[PDB]
file protein-v4.cif (mmCIF, C-alpha atoms and all ligand atoms)
data_model
#
loop_
_atom_site.label_atom_id
_atom_site.label_comp_id
_atom_site.auth_asym_id
_atom_site.auth_seq_id
_atom_site.Cartn_x
_atom_site.Cartn_y
_atom_site.Cartn_z
CA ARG A 20 51.83 14.20 180.97
CA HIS A 21 51.95 17.96 181.54
CA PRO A 22 53.16 18.03 185.18
CA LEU A 23 56.62 16.71 186.01
CA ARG A 24 57.55 15.14 189.31
CA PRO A 25 57.25 17.28 192.50
CA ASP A 26 60.20 17.21 194.90
CA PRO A 27 60.61 14.70 197.73
CA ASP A 28 64.19 14.35 198.94
CA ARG A 29 63.81 10.80 200.30
CA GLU A 30 63.14 9.17 196.91
CA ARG A 31 66.61 7.77 196.27
CA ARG A 32 66.84 6.47 199.83
CA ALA A 33 63.34 4.97 199.54
CA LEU A 34 64.50 3.01 196.49
CA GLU A 35 66.00 0.45 198.91
CA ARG A 36 63.22 -1.71 197.48
CA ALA A 37 65.95 -2.46 194.92
CA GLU A 38 68.01 -4.42 197.45
CA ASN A 39 64.68 -5.84 198.62
CA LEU A 40 63.83 -7.33 195.20
CA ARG A 41 67.47 -8.33 194.69
CA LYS A 42 67.67 -10.45 197.83
CA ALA A 43 64.28 -11.99 197.11
CA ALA A 44 65.65 -13.02 193.71
CA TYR A 45 68.71 -14.53 195.41
CA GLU A 46 66.46 -16.40 197.86
CA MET A 47 64.56 -17.99 194.97
CA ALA A 48 67.94 -19.36 193.84
CA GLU A 49 68.46 -21.27 197.11
CA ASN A 50 65.12 -23.12 197.37
CA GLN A 51 66.47 -26.27 195.75
CA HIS A 52 63.13 -28.03 196.23
CA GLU A 53 61.99 -26.26 193.06
CA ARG A 54 62.67 -27.68 189.61
CA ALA A 55 62.52 -24.48 187.55
CA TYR A 56 63.89 -21.03 188.30
CA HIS A 57 60.92 -18.66 188.13
CA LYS A 58 61.40 -15.18 186.71
CA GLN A 59 59.46 -12.54 184.83
CA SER A 60 59.96 -12.63 181.07
CA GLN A 61 60.08 -8.81 180.93
CA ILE A 62 63.28 -8.60 183.03
CA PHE A 63 66.86 -9.33 181.96
CA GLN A 64 68.44 -10.91 185.12
CA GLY A 65 71.64 -9.06 184.28
CA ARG A 66 70.21 -5.93 185.87
CA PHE A 67 70.74 -7.54 189.28
CA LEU A 68 74.54 -7.70 189.05
CA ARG A 69 74.80 -3.97 188.35
CA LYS A 70 75.24 -1.40 191.11
CA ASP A 71 74.54 1.96 189.47
CA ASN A 72 70.81 1.17 190.03
CA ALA A 73 70.06 2.85 186.66
CA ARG A 74 67.73 0.04 185.49
CA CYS A 75 64.49 -1.27 186.98
CA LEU A 76 64.32 -4.72 188.58
CA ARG A 77 60.57 -5.42 188.36
CA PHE A 78 57.94 -5.00 185.65
CA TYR A 79 54.34 -3.86 186.07
CA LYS A 80 51.60 -2.22 184.01
CA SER A 81 48.18 -0.60 184.19
CA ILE A 82 45.04 -2.42 183.05
CA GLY A 83 42.88 0.57 182.14
CA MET A 84 39.13 0.95 182.68
CA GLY A 85 39.70 3.05 185.82
CA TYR A 86 41.32 0.24 187.83
CA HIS A 87 44.54 1.24 189.57
CA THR A 88 47.51 -1.01 190.28
CA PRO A 89 47.77 -2.18 193.92
CA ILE A 90 51.01 -1.31 195.70
CA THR A 91 51.30 -4.91 196.91
CA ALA A 92 51.90 -5.92 193.29
CA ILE A 93 54.39 -3.08 192.69
CA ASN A 94 56.50 -3.98 195.76
CA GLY A 95 55.96 -7.74 195.83
CA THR A 96 58.48 -10.49 195.22
CA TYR A 97 56.23 -13.15 193.66
CA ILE A 98 56.27 -14.53 190.12
CA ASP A 99 52.93 -14.95 188.34
CA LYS A 100 52.57 -15.12 184.56
CA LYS A 101 48.78 -15.04 184.98
CA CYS A 102 48.68 -11.90 187.14
CA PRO A 103 46.99 -9.07 185.19
CA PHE A 104 49.38 -6.46 186.63
CA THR A 105 52.78 -8.22 186.59
CA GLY A 106 52.21 -11.14 184.19
CA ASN A 107 51.69 -11.76 180.48
CA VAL A 108 47.89 -11.47 180.03
CA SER A 109 45.39 -8.72 179.24
CA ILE A 110 41.86 -7.75 180.28
CA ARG A 111 39.15 -7.23 177.64
CA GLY A 112 35.51 -8.18 177.40
CA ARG A 113 32.92 -8.31 180.16
CA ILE A 114 33.57 -7.07 183.71
CA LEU A 115 31.47 -8.59 186.49
CA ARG A 116 31.14 -8.81 190.27
CA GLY A 117 30.40 -11.68 192.62
CA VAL A 118 31.10 -13.23 196.01
CA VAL A 119 33.85 -15.68 196.91
CA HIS A 120 32.33 -19.15 197.20
CA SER A 121 35.56 -21.07 197.77
CA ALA A 122 39.29 -20.29 197.99
CA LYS A 123 40.68 -23.82 198.30
CA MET A 124 42.67 -24.03 195.04
CA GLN A 125 46.17 -22.82 194.15
CA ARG A 126 45.88 -19.21 192.93
CA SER A 127 42.28 -19.95 191.86
CA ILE A 128 38.89 -19.19 193.40
CA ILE A 129 35.23 -19.94 192.74
CA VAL A 130 32.81 -17.01 192.44
CA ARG A 131 29.04 -17.18 192.98
CA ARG A 132 26.88 -14.93 190.79
CA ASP A 133 23.16 -14.48 191.56
CA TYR A 134 20.29 -13.33 189.35
CA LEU A 135 16.53 -13.48 188.77
CA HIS A 136 14.59 -15.33 186.07
CA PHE A 137 11.08 -14.19 185.15
CA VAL A 138 8.36 -16.75 184.37
CA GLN A 139 5.56 -15.04 182.47
CA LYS A 140 2.75 -17.59 182.84
CA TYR A 141 2.96 -17.33 186.63
CA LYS A 142 3.95 -13.63 186.48
CA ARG A 143 6.69 -14.24 189.03
CA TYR A 144 10.42 -14.84 189.51
CA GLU A 145 12.82 -17.52 190.56
CA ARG A 146 16.26 -17.02 192.09
CA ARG A 147 19.15 -18.57 190.17
CA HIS A 148 22.92 -18.79 190.62
CA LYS A 149 26.02 -19.80 188.68
CA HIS A 150 29.62 -20.61 189.61
CA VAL A 151 32.61 -19.08 187.78
CA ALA A 152 36.26 -20.04 188.21
CA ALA A 153 38.79 -17.20 188.35
CA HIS A 154 42.54 -16.73 188.81
CA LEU A 155 43.84 -15.17 192.04
CA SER A 156 47.09 -13.23 191.98
CA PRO A 157 49.14 -13.20 195.20
CA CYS A 158 48.72 -9.40 195.33
CA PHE A 159 45.25 -10.08 196.79
CA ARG A 160 44.12 -12.31 199.64
CA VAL A 161 40.45 -13.18 200.16
CA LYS A 162 38.12 -15.39 202.17
CA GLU A 163 34.64 -16.81 201.64
CA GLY A 164 32.00 -14.08 201.52
CA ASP A 165 34.15 -11.23 200.20
CA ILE A 166 32.96 -9.26 197.18
CA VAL A 167 35.20 -9.34 194.11
CA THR A 168 35.29 -7.77 190.67
CA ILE A 169 36.60 -10.01 187.87
CA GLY A 170 37.40 -9.34 184.24
CA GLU A 171 37.62 -11.45 181.12
CA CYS A 172 40.89 -12.73 179.66
CA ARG A 173 41.94 -15.39 177.17
CA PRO A 174 41.43 -19.06 178.10
CA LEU A 175 43.75 -20.03 180.95
CA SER A 176 42.67 -23.61 181.81
CA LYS A 177 39.74 -25.94 181.18
CA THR A 178 37.40 -23.77 183.28
CA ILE A 179 39.01 -20.32 183.82
CA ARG A 180 38.43 -17.26 181.62
CA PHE A 181 38.50 -14.46 184.24
CA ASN A 182 40.96 -12.75 186.56
CA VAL A 183 40.49 -11.03 189.93
CA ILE A 184 40.99 -7.28 189.54
CA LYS A 185 39.32 -5.81 192.63
CA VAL A 186 38.39 -6.86 196.18
CA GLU A 187 35.81 -5.45 198.62
CA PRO A 188 36.19 -7.08 202.07
CA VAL A 189 33.23 -8.49 203.99
CA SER A 190 33.38 -9.14 207.73
CA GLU A 191 33.27 -12.73 208.94
CA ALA A 192 30.13 -13.80 210.83
CA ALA A 193 27.54 -11.84 208.90
CA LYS A 194 24.19 -13.09 207.63
CA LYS A 195 24.56 -14.51 204.13
CA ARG A 196 21.91 -13.03 201.82
CA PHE A 197 20.93 -13.33 198.17
CA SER A 198 22.93 -10.20 197.27
CA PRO A 199 22.49 -10.23 193.47
CA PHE A 200 24.33 -7.10 192.23
CA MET B 1 -4.22 -19.17 200.90
CA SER B 2 -4.13 -22.89 200.04
CA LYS B 3 -1.69 -21.91 197.28
CA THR B 4 1.72 -20.30 197.63
CA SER B 5 2.01 -16.63 196.64
CA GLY B 6 4.95 -14.30 196.73
CA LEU B 7 7.01 -12.66 194.03
CA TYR B 8 9.78 -15.31 193.95
CA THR B 9 7.81 -18.58 193.94
CA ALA B 10 7.66 -19.37 190.20
CA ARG B 11 9.72 -22.54 190.66
CA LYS B 12 7.31 -23.93 193.27
CA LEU B 13 4.24 -23.01 191.24
CA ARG B 14 5.73 -24.90 188.29
CA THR B 15 6.77 -27.95 190.33
CA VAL B 16 3.28 -28.32 191.83
CA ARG B 17 1.61 -28.23 188.42
CA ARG B 18 4.08 -30.70 186.93
CA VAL B 19 3.42 -33.15 189.77
CA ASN B 20 -0.39 -32.85 189.92
CA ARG B 21 -0.83 -33.03 186.12
CA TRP B 22 -0.36 -36.81 186.29
CA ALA B 23 -3.41 -37.24 188.55
CA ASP B 24 -5.81 -36.80 185.60
CA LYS B 25 -6.78 -40.02 183.83
CA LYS B 26 -7.01 -38.35 180.40
CA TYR B 27 -3.54 -36.80 180.64
CA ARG B 28 -2.05 -39.98 182.07
CA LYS B 29 -3.57 -42.14 179.32
CA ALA B 30 -2.40 -39.82 176.54
CA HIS B 31 1.08 -38.99 177.91
CA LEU B 32 2.48 -41.84 180.02
CA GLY B 33 3.40 -44.24 177.20
CA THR B 34 1.94 -47.53 178.47
CA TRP B 35 -1.22 -47.19 176.37
CA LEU B 36 0.89 -46.62 173.25
CA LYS B 37 2.75 -49.85 174.03
CA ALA B 38 -0.40 -51.86 174.76
CA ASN B 39 -2.41 -50.46 171.82
CA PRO B 40 -2.97 -53.22 169.22
CA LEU B 41 -2.95 -50.68 166.38
CA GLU B 42 0.23 -48.96 167.66
CA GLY B 43 -1.34 -45.50 167.52
CA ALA B 44 -2.78 -45.71 164.00
CA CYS B 45 -6.17 -44.95 162.47
CA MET B 46 -6.58 -48.42 160.93
CA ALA B 47 -4.83 -51.72 160.32
CA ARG B 48 -5.07 -54.72 158.01
CA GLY B 49 -5.10 -58.40 158.90
CA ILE B 50 -6.38 -61.83 157.89
CA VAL B 51 -9.53 -63.48 159.23
CA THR B 52 -8.92 -66.58 161.33
CA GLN B 53 -12.50 -67.46 162.34
CA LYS B 54 -16.15 -66.40 162.33
CA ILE B 55 -17.99 -66.06 165.65
CA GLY B 56 -21.18 -64.99 167.35
CA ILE B 57 -21.17 -62.98 170.56
CA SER B 58 -23.95 -62.59 173.12
CA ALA B 59 -25.17 -59.12 174.00
CA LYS B 60 -25.28 -57.62 177.49
CA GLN B 61 -28.01 -57.70 180.14
CA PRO B 62 -31.06 -55.65 179.01
CA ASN B 63 -30.62 -56.55 175.32
CA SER B 64 -30.90 -59.99 173.69
CA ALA B 65 -29.17 -60.76 170.39
CA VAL B 66 -26.27 -62.55 168.74
CA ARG B 67 -23.78 -60.10 167.24
CA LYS B 68 -21.54 -61.25 164.39
CA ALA B 69 -17.77 -60.83 164.54
CA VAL B 70 -14.42 -62.19 163.33
CA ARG B 71 -11.14 -63.05 165.04
CA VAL B 72 -8.34 -61.25 163.18
K K C 301 55.10 -11.75 188.47
K K C 302 18.91 -10.01 188.44
K K C 303 16.97 -15.50 183.26
K K C 304 13.36 -18.44 194.34
K K C 305 44.97 -26.15 183.70
K K C 306 42.52 -27.30 183.21
K K C 307 17.15 -16.67 199.25
K K C 308 -8.38 -24.92 199.02
K K C 309 -7.29 -23.62 195.87
K K C 310 -0.36 -25.05 199.20
K K C 311 8.60 -11.13 198.74
K K C 312 -2.60 -28.65 192.88
#
call {"tool": "encode", "arguments": {"input": "protein-v4.cif", "output": "structure tokens"}}
result
Amino acid sequence: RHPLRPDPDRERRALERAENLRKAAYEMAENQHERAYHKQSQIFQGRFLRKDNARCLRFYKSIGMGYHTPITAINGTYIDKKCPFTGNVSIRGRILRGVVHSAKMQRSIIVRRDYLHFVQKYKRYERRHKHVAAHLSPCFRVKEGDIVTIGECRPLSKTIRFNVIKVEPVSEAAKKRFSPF
Amino acid sequence: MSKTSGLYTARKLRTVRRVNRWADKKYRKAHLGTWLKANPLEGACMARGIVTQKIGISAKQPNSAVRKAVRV
């Protein structure tokens, strides 16, 4: 890391995101409808009592492969052990793209992938599709029709082996087409 | 063109052939499975049995004879 930190003079003020995260943590403590207190495993919970600010209050990482961390994950207040940026999982294996078929589950979506199958006797093709279940971190929000890029992780449920890592929005009320990519 | 064309119609071309294959009497006899059930020999070259009677059988219209046979 050859270069070192150019000089803005509003940095320490702009770290008011510390009180932001702190009061979000203290709001989670008051929602007595919950049964478990949710917290990241990478973070002490004694760093919140301190005032010198010297220690970070939220954990995040980079996933590699030229995919950059969204700022909504860096400055969010949610808890997700299955989020690839702020949870306890990793991305490795195949990386694919598809379209959102359904977003009706809890932090889970269905993805529709399209492809062609050649039949040699008839010298022609047929159009085919498959459905893939994927995990949706709160740092993204999607609707049906949007393009997504998903990447492989370890097994996460009976049907899920992938995680949403990029979103390309698609306007509502547009003609739905084959769109293989 | 009385048949579908087009670069993405392989599924239709296969469905049509699968459906119309059964219209042929040879294919239907050899592939349906009812003839195998009804066949006295059960799909074999030959079979052994015991004779229960001796008989004579008339021939058909333009011929005249008594053919010799056995109930088995
Ligand atoms: K989290
Ligand atoms: K394809
Ligand atoms: K194929
Ligand atoms: K097709
Ligand atoms: K599960
Ligand atoms: K499951
Ligand atoms: K189509
Ligand atoms: K014709
Ligand atoms: K024809
Ligand atoms: K036709
Ligand atoms: K075409
Ligand atoms: K035909």
call {"tool": "atom_distance", "arguments": {"input": "protein-v4.cif", "atom1": "CA of residue 34 in chain B", "atom2": "CA of residue 47 in chain B"}}
result
19.8 Å
call {"tool": "closest_residue", "arguments": {"input": "protein-v4.cif", "among": "A:53, A:163, A:145, A:99", "to": "residue 123 in chain A", "atoms": "only C-alpha atoms"}}
result
A:163
call {"tool": "closest_residue", "arguments": {"input": "protein-v4.cif", "among": "A:93, A:138, A:43, A:151", "to": "chain B", "atoms": "only C-alpha atoms"}}
result
A:138
call {"tool": "residues_near_ligand", "arguments": {"input": "protein-v4.cif", "ligand": "ligand K 304 (chain C)", "cutoff": "10 Å", "atoms": "all atoms listed in the file", "output": "VMD selection string"}}
result
(chain A and resid 134 to 136 143 to 147 197) or (chain B and resid 6 to 12)
call {"tool": "residues_around", "arguments": {"input": "protein-v4.cif", "residues": "residue 108 in chain A", "least_positions_apart": "2", "cutoff": "12 Å", "atoms": "only C-alpha atoms", "output": "short mmCIF file (atom, residue, chain, number, x, y, z; two decimals) with C-alpha atoms, in the coordinates of the input"}}
result
data_model
loop_
_atom_site.label_atom_id
_atom_site.label_comp_id
_atom_site.auth_asym_id
_atom_site.auth_seq_id
_atom_site.Cartn_x
_atom_site.Cartn_y
_atom_site.Cartn_z
CA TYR A 79 54.34 -3.86 186.07
CA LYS A 80 51.60 -2.22 184.01
CA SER A 81 48.18 -0.60 184.19
CA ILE A 82 45.04 -2.42 183.05
CA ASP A 99 52.93 -14.95 188.34
CA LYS A 100 52.57 -15.12 184.56
CA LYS A 101 48.78 -15.04 184.98
CA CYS A 102 48.68 -11.90 187.14
CA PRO A 103 46.99 -9.07 185.19
CA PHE A 104 49.38 -6.46 186.63
CA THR A 105 52.78 -8.22 186.59
CA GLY A 106 52.21 -11.14 184.19
CA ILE A 110 41.86 -7.75 180.28
CA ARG A 111 39.15 -7.23 177.64
CA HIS A 154 42.54 -16.73 188.81
CA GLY A 170 37.40 -9.34 184.24
CA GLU A 171 37.62 -11.45 181.12
CA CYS A 172 40.89 -12.73 179.66
CA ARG A 173 41.94 -15.39 177.17
CA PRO A 174 41.43 -19.06 178.10
CA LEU A 175 43.75 -20.03 180.95
CA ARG A 180 38.43 -17.26 181.62
CA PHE A 181 38.50 -14.46 184.24
CA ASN A 182 40.96 -12.75 186.56
#
call {"tool": "atom_distance", "arguments": {"input": "protein-v4.cif", "atom1": "CA of residue 183 in chain A", "atom2": "CA of residue 56 in chain A"}}
result
25.5 Å
call {"tool": "residues_near_ligand", "arguments": {"input": "protein-v4.cif", "ligand": "ligand K 312 (chain C)", "cutoff": "10 Å", "atoms": "all atoms listed in the file", "output": "list in words"}}
result
residues 2, 3, 13, 15, 16, 17, 18, 19, 20, 21 and 23 of chain B
call {"tool": "residues_near_point", "arguments": {"input": "protein-v4.cif", "point": "(43.7, -10.4, 200.6)", "cutoff": "12 Å", "atoms": "only C-alpha atoms", "output": "count of residues only"}}
result
25
call {"tool": "closest_residue", "arguments": {"input": "protein-v4.cif", "among": "A:87, A:97, A:179, A:57", "to": "residue 127 in chain A", "atoms": "all atoms listed in the file"}}
result
A:179
call {"tool": "atom_distance", "arguments": {"input": "protein-v4.cif", "atom1": "CA of residue 98 in chain A", "atom2": "CA of residue 32 in chain A"}}
result
25.4 Å
call {"tool": "axis_aligned_box", "arguments": {"input": "protein-v4.cif", "around": "range 38-44 of chain B", "padding_each_side": "3 Å", "output": "lines of an AutoDock Vina configuration file"}}
result
center_x = -1.4
center_y = -49.4
center_z = 169.4
size_x = 9.2
size_y = 13.7
size_z = 16.8
call {"tool": "closest_residue", "arguments": {"input": "protein-v4.cif", "among": "B:30, B:48, B:4, B:14", "to": "chain A", "atoms": "all atoms listed in the file"}}
result
B:14
call {"tool": "residues_near_ligand", "arguments": {"input": "protein-v4.cif", "ligand": "ligand K 305 (chain C)", "cutoff": "8 Å", "atoms": "all atoms listed in the file", "output": "PyMOL selection string"}}
result
chain A and resi 175-178
call {"tool": "decode", "arguments": {"input": "protein-v4.cif", "residues": "range 30-45 of chain B", "atoms": "N, CA and C atoms", "output": "compact mmCIF listing (two decimals), in the first residue's frame"}}
result
# COMPACT_ATOMS: atom_id res chain seq x y z
N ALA B 30 -44.92 -54.03 -32.41
CA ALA B 30 -43.65 -54.42 -31.81
C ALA B 30 -43.29 -53.64 -30.55
N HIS B 31 -43.96 -52.53 -30.24
CA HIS B 31 -43.53 -51.68 -29.14
C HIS B 31 -44.57 -51.42 -28.06
N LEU B 32 -45.85 -51.67 -28.31
CA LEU B 32 -46.88 -51.29 -27.35
C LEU B 32 -46.83 -52.16 -26.10
N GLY B 33 -46.76 -53.47 -26.27
CA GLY B 33 -46.72 -54.40 -25.16
C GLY B 33 -47.93 -55.30 -25.03
N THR B 34 -49.01 -55.05 -25.77
CA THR B 34 -50.17 -55.93 -25.71
C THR B 34 -49.95 -57.23 -26.47
N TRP B 35 -49.20 -57.18 -27.57
CA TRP B 35 -48.91 -58.41 -28.30
C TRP B 35 -47.98 -59.32 -27.51
N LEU B 36 -47.04 -58.75 -26.76
CA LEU B 36 -46.20 -59.57 -25.90
C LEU B 36 -47.03 -60.28 -24.83
N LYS B 37 -48.02 -59.59 -24.27
CA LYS B 37 -48.90 -60.21 -23.29
C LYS B 37 -49.74 -61.32 -23.93
N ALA B 38 -50.32 -61.05 -25.09
CA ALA B 38 -51.24 -61.99 -25.71
C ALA B 38 -50.54 -63.14 -26.43
N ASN B 39 -49.24 -63.04 -26.67
CA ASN B 39 -48.51 -64.05 -27.42
C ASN B 39 -48.48 -65.37 -26.65
N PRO B 40 -48.96 -66.47 -27.23
CA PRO B 40 -48.92 -67.75 -26.51
C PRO B 40 -47.52 -68.22 -26.16
N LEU B 41 -46.53 -67.92 -26.99
CA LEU B 41 -45.16 -68.33 -26.73
C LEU B 41 -44.39 -67.37 -25.83
N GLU B 42 -44.98 -66.23 -25.48
CA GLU B 42 -44.35 -65.24 -24.60
C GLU B 42 -43.05 -64.71 -25.20
N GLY B 43 -43.05 -64.43 -26.49
CA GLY B 43 -41.86 -63.90 -27.14
C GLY B 43 -40.69 -64.85 -27.21
N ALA B 44 -40.92 -66.11 -27.57
CA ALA B 44 -39.87 -67.10 -27.69
C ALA B 44 -39.90 -67.73 -29.08
N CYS B 45 -38.78 -68.35 -29.45
CA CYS B 45 -38.69 -69.01 -30.75
C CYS B 45 -39.54 -70.28 -30.79
